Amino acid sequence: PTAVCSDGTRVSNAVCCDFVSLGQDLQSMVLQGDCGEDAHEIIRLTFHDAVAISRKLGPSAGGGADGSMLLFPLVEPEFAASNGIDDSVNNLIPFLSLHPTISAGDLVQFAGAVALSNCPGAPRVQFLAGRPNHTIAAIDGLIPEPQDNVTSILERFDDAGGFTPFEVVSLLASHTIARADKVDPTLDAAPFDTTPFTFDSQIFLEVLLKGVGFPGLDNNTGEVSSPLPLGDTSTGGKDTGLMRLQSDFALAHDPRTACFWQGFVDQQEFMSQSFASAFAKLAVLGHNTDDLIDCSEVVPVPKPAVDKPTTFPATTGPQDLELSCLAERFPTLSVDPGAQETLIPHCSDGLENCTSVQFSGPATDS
């Protein structure tokens, strides 16, 4: 039967109401209403938790979106491909005992949905509940890495859950709110687009610009040249320059994926809806949805998309594009004014001094 939660929310199932206080605690204790570092980490964790599953190897290889990262924090978070995932894992573990009726698998996915809701332009994703509260650790080798080629990436996603090339590119819209701490050992929080606190299509445009240098070292595995490498970290600042992943570059230019990649440029609603659909599929890997219950109503309404059009960042323009898609013309867009690169802020408030919640815990890094 239907019910009304303590916050006034109408749900199709009263068990959904347990998630209301969980969302409140996730915000008050970790996410702080922001599309910031901790939100980004948790969204990355939804993927590392979910994708560790394989049709061809069978169920013993991993249970998908099963909370295995939280329940066995000494195993998967320390595999090489998950270096750095410990921060999100250690931030979520305490919620398992604070909200003991909610499984680790549900916790990971619900935290991701709440985190996304803090990001202007992000979709309000589906949330199904009821993932069982026990599993085993996945094997190593199931998480794509940034040095991987497109054939490998596409095969891994197909084997994980039958994702199509379009769905893979759609999921990578998440790199619109993403930075790197481990790719370059000399850099912290190197952003993948110029708006890492905004769920927009800048990532799609900016990967298509010609690379001109590196924000740090020039020879890191999985990294390629960036179109906007300038930061202020050489003078002690925290506004790290923009980083480009080899995998994002490869997706942007491969015949299977390049038109899907370009098709999101300046198509905010199409991008966000496409991400939402593929992400809902990711979130239930390892489960038959018939065995889950719809608790989508308890995902917070996301911050609205920003008013700002999609534009070329200062000092760039259409002459800098490297295009690969014949099927669709790249749209005419304005160029942000300015003679030098604009520093990409380290914080959603535009400053450099913001700090993030980090709980101690059992997962480790490097």
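When you see a residue number, it is the position in the sequence shown, counting from 1.
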### Query
Given the B-factors recorded for C-alpha atoms, which segment has the greater mean, 231-239 or 77-85?
231-239
### Message
Can you tell me whether 327-335 has a higher mean C-alpha B factor than 34-42 in this record, or the other way round?
### Response
327-335
### Message
Sorting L205, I293, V125, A252 by Cα temperature factor from the record, which one lands on top?
### Response
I293
### Message
In terms of recorded Cα temperature factor, pick the maximum from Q358, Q24, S348, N13.
### Response
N13
### Task
Relative to the other modelled residues of the same chain, rank the CA B-factor of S170 and answer lowest, middle or highest third.
lowest
## Note on the structure
Split the chain's modelled residues into thirds by Cα B-factor; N90 lands in the middle
### Task
Using the B-factor values recorded in the entry, state whether the Cα atom of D106 falls in the lowest, middle or highest third among the modelled residues of its chain.
middle
### Message
How does the C-alpha B factor of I136 compare with the rest of the chain: lowest, middle or highest third?
### Response
highest
### Task
Within this chain's modelled residues, let me know which third the CA B factor of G222 belongs to: lowest, middle or highest.
middle
